[PDB]
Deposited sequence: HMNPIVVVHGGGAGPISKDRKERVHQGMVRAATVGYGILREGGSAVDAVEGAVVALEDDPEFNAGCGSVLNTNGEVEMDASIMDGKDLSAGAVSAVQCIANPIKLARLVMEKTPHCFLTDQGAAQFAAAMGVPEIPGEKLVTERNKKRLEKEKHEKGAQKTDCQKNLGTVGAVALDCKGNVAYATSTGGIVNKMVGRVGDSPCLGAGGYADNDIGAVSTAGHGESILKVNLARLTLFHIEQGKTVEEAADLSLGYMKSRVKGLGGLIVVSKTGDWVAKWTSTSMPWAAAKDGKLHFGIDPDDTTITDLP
């Protein structure tokens, strides 16, 4: 049976402060530890990517759940998706509010409806049927995010391969700062924000949402592998095309069916981390290979 792997990513975004890397690092390391621990007891791929995306949602440092950017009204609106590479089962929520873990809600859509995607008010309806807690907007808005906005006036993801050779992906975000109300970016859109398939691999993406959607980056990446490119070569084709075709920047993380993995990005910085073989590989900048504490 396969040796399991988890890869995580924060945003494929701008350059970070020298002091705050410390802080961002430990965010990647932590969510990846939650993912690799899960695989380390025969959790499934969906378990790992969800608990890993769960970690970063909870973390007010990352642009997802608590920590989400604000829309044009000072308000957090959230998208996410999760996908099962064996049978292509999937779940996604878009433009949801007053909840803590949009990724946990995306799994609930997937596991307990015959639908794959719920939006806005029907998505709240679904959450409360599932007895998901309402929290105050305040509890998701950093003092920080209000400043990022008023000047103008991040994504998190995970891929894993488990003990049985299943792949999966999770991606969650608060979107782009100042976005129109009800703007949906790539995150809850299969093939854009992520894709996962046992006959190929899994991908979660980050960066400019409209650009990712337009070139179908996640599924695109995996086409290149399907043609026998390396996971390195594949991700260099998709992001390079995204740049030359739509002037969009981003980054991505991928695991192929046989367990090869990479983080590549064309933006300034894509914070990432990976666990495989009791060893952890951490970076923010264009990499520590280190024991699993």
item: Unmodelled intervals of the deposited chain, in order; value: 154 to 167, 301 to 302
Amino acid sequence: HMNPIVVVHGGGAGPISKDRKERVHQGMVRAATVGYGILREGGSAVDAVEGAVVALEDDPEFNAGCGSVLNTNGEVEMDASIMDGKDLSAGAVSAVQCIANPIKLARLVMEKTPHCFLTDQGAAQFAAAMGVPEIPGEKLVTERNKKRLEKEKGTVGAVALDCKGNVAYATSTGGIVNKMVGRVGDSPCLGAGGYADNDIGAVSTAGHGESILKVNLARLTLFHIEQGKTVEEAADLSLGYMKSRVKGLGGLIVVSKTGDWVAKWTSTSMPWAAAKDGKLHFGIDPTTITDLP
From here on, numbers count along this sequence of modelled residues.
item: Given 139 to 147 and 100 to 108, the range whose Cα B-factors average higher in the PDB entry; value: 139 to 147
item: 22 to 30 set against 49 to 57, stretch whose average Cα temperature factor tops the other in the entry; value: 22 to 30
item: Which of 177, 128, 202, 93 ranks first by CA B-factor in the deposited coordinates; value: 128
item: Record-listed C-alpha B factor of residue 238: chain third; value: lowest
item: Residue 154 by Cα B-factor - lowest, middle or highest third of the modelled chain; value: highest
item: Where the record places residue 193 (Cα B-factor, split into thirds across the chain); value: lowest
item: Residue 185 - Cα temperature factor, lowest/middle/highest third of chain; value: lowest
item: CA B-factor placement of residue 79, once the chain's modelled residues are sorted into thirds; value: lowest
